[PDB]
């Protein structure tokens, strides 16, 4: 039966969120290019993370987060068209992990993540993609339909033109248009299940979850069956060279605060100031053995974001000193905060 649910607007729900944490490189890990039919365990552990436990989520809450984003890649667990049946064992594991969060009295965001092999924003793919989106979102929404307002569905992650010269610079006009259709389908698909899903808050991204003039001007918030339940998700690993470029500078100084203020103000001006709720569903700064700079960056990022009433969700991929992107914060195997000064900076 349905869990009793508070009917709150998106703004009201966002005002209950403090700061969030992503379970990164976990249920979002893909194996598509070498293992077509992974078991749930093969997927969850494919990218350097152990099997998730309740104790890990307990530690996230203890550290000061009250929200967990659970990115999930469904592609390697989805059957053939037209049913696109999701593997039952996978759906069961996703629910187990969601429950680690929900049963901790936390907010939880559940999405579809690395789907770009099929989630292609072109007119030629549009009808096929809308059909698959509806097929998979009906399955996810019905499994999770009984949950209360603490569970938020996010319809897509970073829809984009993979391999395009402007993949990460707004794509093209056609792609931005088609993404509006995909977000509209997602909203319609969830509302069609009724119950608590009729009044659940839902999150939708812009093109590549990017905030720029190009992606904002062409973005259309879906039409909804209920008022004030939609939130835009922007990922903002800013400033790029410091935070996300593995070859970029490791320095962040007083002089960089002004560019960060401008970047975050642009998110506010594009959405929150216009009465469109917005959340930074992923941010972070790579470990470059630069703790003083990351502490200064982190204190100011959260201070400025809060000053614009924008909640933030750290991207934690459990990676510290690898040759890849090291966005770890919680060392999941030791249950230790590896960068305590940075955690403290973001929690003040």
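Residue numbers count along the first chain shown, from 1.
Comparing 16 to 24 with 321 to 329, the higher mean C-alpha B-factor in the PDB entry belongs to 321 to 329. Comparing 165 to 173 with 145 to 153, the stretch with the higher mean C-alpha B-factor in the PDB entry is 165 to 173.
Ranking 184, 104, 197, 122 by Cα temperature factor from the entry places 122 first. Listed residues 188, 236, 246, 99 were ranked by CA B-factor as deposited; 246 comes out on top.
Ranked by C-alpha B-factor against the other modelled residues of its chain, residue 207 falls in the middle third. For residue 229, the recorded CA temperature factor ranks within the middle third of the chain's modelled residues.
For residue 261, the recorded CA temperature factor ranks within the middle third of the chain's modelled residues. Residue 130 sits in the middle third of its chain by CA B factor, as recorded in the PDB entry. Sorting the modelled residues of the chain by their CA temperature factor places residue 79 in the highest third.
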